[PDB]
Protein chains: 2
Amino acid sequence: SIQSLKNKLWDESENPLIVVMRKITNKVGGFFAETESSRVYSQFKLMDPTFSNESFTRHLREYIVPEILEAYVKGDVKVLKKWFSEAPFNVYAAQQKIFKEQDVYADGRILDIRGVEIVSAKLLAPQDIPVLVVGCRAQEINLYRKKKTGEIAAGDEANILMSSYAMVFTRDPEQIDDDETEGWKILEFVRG
Amino acid sequence: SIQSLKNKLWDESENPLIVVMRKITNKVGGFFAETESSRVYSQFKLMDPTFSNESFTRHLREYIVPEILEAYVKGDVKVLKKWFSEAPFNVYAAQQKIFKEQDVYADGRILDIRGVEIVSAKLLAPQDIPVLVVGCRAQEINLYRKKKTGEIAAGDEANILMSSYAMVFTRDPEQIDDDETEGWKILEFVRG
């Protein structure tokens, strides 16, 4: 039985939530300490008193989430570069330089982006790095345009998808008065 | 012959350019003085030395045009309210309060917006108000959503139009250090 529970978790992928959940906990050195949340929250608290679930979740849905996703759906390297860890960004820039080879660039535009709720507050084993995992759905229309002022690149019929994102947040007590991002960063971001 | 040239000008509408051209010159008190451009430019010049066709046209395509159109394609009253004269805005807010009655609001998103070129620099008769008429095409996808977190309102199939805009600009030497808009305003804006 729990022999198949493992099957699914390994056979998930579809649910970006559980995909990140994995991506950190399995890829290199992932282990969760069963903090019980409170240690993860009180930890952010120490980092910055003004912190509260409310406080952050709004910042999430009101400015961060909507800000990075738009940055995603288009070739907005400069935006992601301010929120992405060396890990998740570089993997991005990986498909960017490959999408470039095809003389195509990505414009898309997102609409609605509902969801955005923090559902998990656990810390990674390697260094007890307090992490927050947020998930949201975003009705966006994805498109791609070509090299020389070229129409809408490959296909005219770009369906308006309704994707599900899952991302892992973390803050740094060091460099909090950065203003743009101010501590927050993104450890491997995953689209649905 | 020129009996039909009048027919077309009156029978235009399609070409927003010539529609504004009319909208000002005919609706209430419209007459152009054949300034010969230079008087209109030197006039802006006086208003603000830093002024140059180059200078402005960029500001047009780089920040103003793209900024007001996005404000258009969605219910972004606060944006238009900073650029629209009492005339063009109020007419907007006219269809806004009517679109509201139908429990629908407008979200759309614009893409590419090419064109943006100043093709005419003439001044209105009533007060020799120096006006600039800009025109641009904008591949946008128009949509509308409903009253209660309701899908995509009326129709699922929202075609991605490619409209043509024509607008009439004017500046005020008084209130130039406004920063947001800084002098520039919009006299009756017209969509294609």
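Everything that follows concerns the structure shown earlier in this document.
Attention in this report is confined to the structure presented alongside it. (Residues numbered from 1 in each chain as written, not as in the entry; some residues may be left out. Chains lettered and ligands numbered in written order. Heavy atoms only, no water.)

Brief notes about the nonpolar core
Grouped together as the largest cluster of nonpolar side chains are 36 residues, with contacts concentrated most on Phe56, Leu60, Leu69, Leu132, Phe169, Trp184 and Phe189 of chain A. For this core, the secondary structure elements donating two or more residues are α3 (38-47), α4 (53-73), α5 (77-83), α6 (86-101), β2 (108-124), β3 (129-142), β5 (163-170) and β6 (185-190) of chain A. Leave out the neighbours within four places in its chain, and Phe189 of chain A touches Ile68, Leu69, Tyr72, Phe84, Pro88, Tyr165, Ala166 and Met167 of chain A. In terms of nonpolar packing, the next biggest core, distinct from the first, is built from 35 residues, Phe56, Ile110, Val134 and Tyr165 of chain B among them. (Core = buried A, V, L, I, M, F, W, Y, C linked by side-chain atoms within 4.5 Å. Buried < 20%, exposed > 50% of the residue type's maximum accessible area, 1.4 Å probe, protein only. Helix = DSSP H or I, 4+ residues; strand = E, 2+ residues; numbered from the N terminus. Contact = heavy atoms within 4.5 Å.)

Examining the pattern of salt bridges
All names here are of chain B. Evaluation of the coordinates by the stated rule reveals 14 salt bridges over all chains. A salt bridge links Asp48 to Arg171; the nearest nitrogen and oxygen atoms lie 2.7 Å apart. One end of the pair, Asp48, is in the loop between α3 (38-47) and α4 (53-73); the other, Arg171, is in the loop between β5 (163-170) and β6 (185-190), and 123 residues separate them in sequence. What makes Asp48 buried here is its relative accessible area of 16%. For the salt bridge of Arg145 with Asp107, the shortest nitrogen-to-oxygen distance reads 3.7 Å. In this pair, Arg145 is assigned in strand β4 (residues 145-146) and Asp107 in the loop between β1 (104-105) and β2 (108-124), connecting sequence segments 38 residues apart. (Salt bridge = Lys/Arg side-chain N within 4 Å of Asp/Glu carboxyl O.)

A few points about the sheet that holds strand β3 (residues 129-142) of chain B
For sheets, the rule is that strands pair by backbone hydrogen bonds, running either parallel or antiparallel. All names here are of chain B. Spatial strand order, β2-β3-β5-β6: four strands in an open sheet with antiparallel pairing. Lying at the two open borders of the sheet, with one neighbouring strand each, are β2 and β6. Taken over all neighbouring pairs, the strand axes of this sheet differ in orientation by 25° on average, direction set aside. Note that β2 and β3 share twelve bridges and pair antiparallel. Looking at the pairing, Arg114 lines up with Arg137 of β3. Helix-sheet contacts for helix α2 (residues 16-25) involve β2, β5 and β6, and the interaxial angle to β5 is about 35°. This element, α3, spans β2 and β3 of the sheet and lies at about 90° to β3. (Pairing = 2+ DSSP bridges. Axes fitted to C-alpha atoms, helices over the stretch in contact; angles between N-to-C directions.)

Observations concerning the sheet that holds β6 of chain A
Residue and element names in this part refer to chain A. Pairing is antiparallel across the open sheet formed by four strands, whose spatial order is β2-β3-β5-β6. Looking along the sheet, the strands with just one partner apiece sit at the ends: β2 and β6. The mean angle between the axes of side-by-side strands here comes to 25°, regardless of whether they run parallel or antiparallel. Two strands pair when backbone bridges link them, and β5 and β6 are joined in this way by four bridges, in the antiparallel orientation.

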